[PDB]
Amino acid sequence: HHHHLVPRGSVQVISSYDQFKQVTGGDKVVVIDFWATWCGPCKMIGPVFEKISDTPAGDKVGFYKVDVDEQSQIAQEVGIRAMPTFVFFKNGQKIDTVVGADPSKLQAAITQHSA
């Protein structure tokens, strides 16, 4: 009765190594969900990540996803050891990591890096 939501979030697929370098290369912090089709917990936490992209943090931090099976070069450079893993980048460097389907840890890290 008050308003309808107008979603403004953007979870974007990273489909190449060049794109990966471009989006992780600047001052704007980005967070990447490293996932795979055979990953069970990814299905629990993925929707959470998508909802967080719609929050005002999504205006400050870029939200992306990388399919580890399809993006071996990216996955090997980043050093993925578990799935899902959420990795934060700034200026071409890894600045934080959240392993697994942990919604409170994921939110805490997003809030930390969107200040």
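- In the PDB archive, X-ray crystallography is given as the structure determination method for this entry, at a resolution of 1.41 Å.

Things to note about helix α5 (residues 103-113)
- Within α5 the residues assigned to the buried category are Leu106, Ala109, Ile110 and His113. Taken around the axis of α5, the buried residues stretch over an arc of 100 degrees, which confines them to a single face. Every exposed residue of α5 that faces more than 90 degrees away from the buried side is listed here: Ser104 and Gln112.

Details of the side chain of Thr85
- As for its placement among the helices and strands, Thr85 is situated in strand β4 (residues 85-90).
- Reaching out from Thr85, the side chain makes a polar contact with the backbone oxygen of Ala82 at a distance of 2.7 Å.
- If near-sequence neighbours (up to four positions away) are discounted, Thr85 is found in contact with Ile32, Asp33, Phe34, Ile80, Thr97, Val98 and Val99.

Points about the sheet that holds strand β3 (residues 62-67)
- With respect to topology, five strands assemble into an open sheet ordered β1-β3-β2-β4-β5, the strand pairing being mixed. On the outer flanks of this sheet lie β1 (11-13) and β5 (93-99), each paired with one strand and no other. Strand-to-strand twist across the sheet, computed as the mean angle between neighbouring axes with direction ignored, equals 25 degrees.
- Of the strand pairs in this sheet, β1 and β3 are connected by three bridges, and their pairing is parallel. Across the sheet, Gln12 pairs through a bridge with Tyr64, a residue of β3.
- Of the strands in this sheet, β1, β2 (30-35), β3, β4 and β5 touch helix α1 (residues 17-24), which is tilted by about 145 degrees from β2.
- Strands in contact with α5 are β3, β4 and β5; relative to β5, the strand with the most contacts, it is inclined by about 155 degrees.

As for the UniProt feature "active site" in the protein
- Those places that UniProt annotates as "active site" correspond, in this numbering, to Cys39 and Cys42.
- For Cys39, a relative accessible area of 4% translates into the label buried.
- Setting aside residues up to four positions removed in sequence, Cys39 forms contacts with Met83 and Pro84.
- When its relative accessible area of 9% is taken as the criterion, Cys42 is described as buried.
- Beyond its immediate stretch of four places on either side in the chain, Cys42 contacts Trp35, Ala36, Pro47, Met83 and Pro84.

Focus: the state of the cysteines
- Summed over all chains, the structure comprises one disulfide.
- Between the sulfur of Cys39 and that of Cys42 lies a disulfide, 2.3 Å long from S to S. Judged by the sign of its S-S torsion, about 85 degrees, the cystine formed by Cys39 and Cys42 is right-handed. Across the pair, exposure class does not vary: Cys39 and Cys42 are buried alike.

About the criteria used
Residues numbered from 1 in each chain as written, not as in the entry; some residues may be left out. Heavy atoms only, no water. Buried < 20%, exposed > 50% of the residue type's maximum accessible area, 1.4 Å probe, protein only. Helix = DSSP H or I, 4+ residues; strand = E, 2+ residues; numbered from the N terminus. Arc of directions from axis to C-beta. Polar contact = N/O pair within 3.5 Å; in protein donor to acceptor, adjacent residues only side chain to side chain. Contact = heavy atoms within 4.5 Å. Pairing = 2+ DSSP bridges. Axes fitted to C-alpha atoms, helices over the stretch in contact; angles between N-to-C directions. UniProt positions renumbered as here; feature names shortened; annotations may be inferred. Disulfide = S-S within 2.5 Å.

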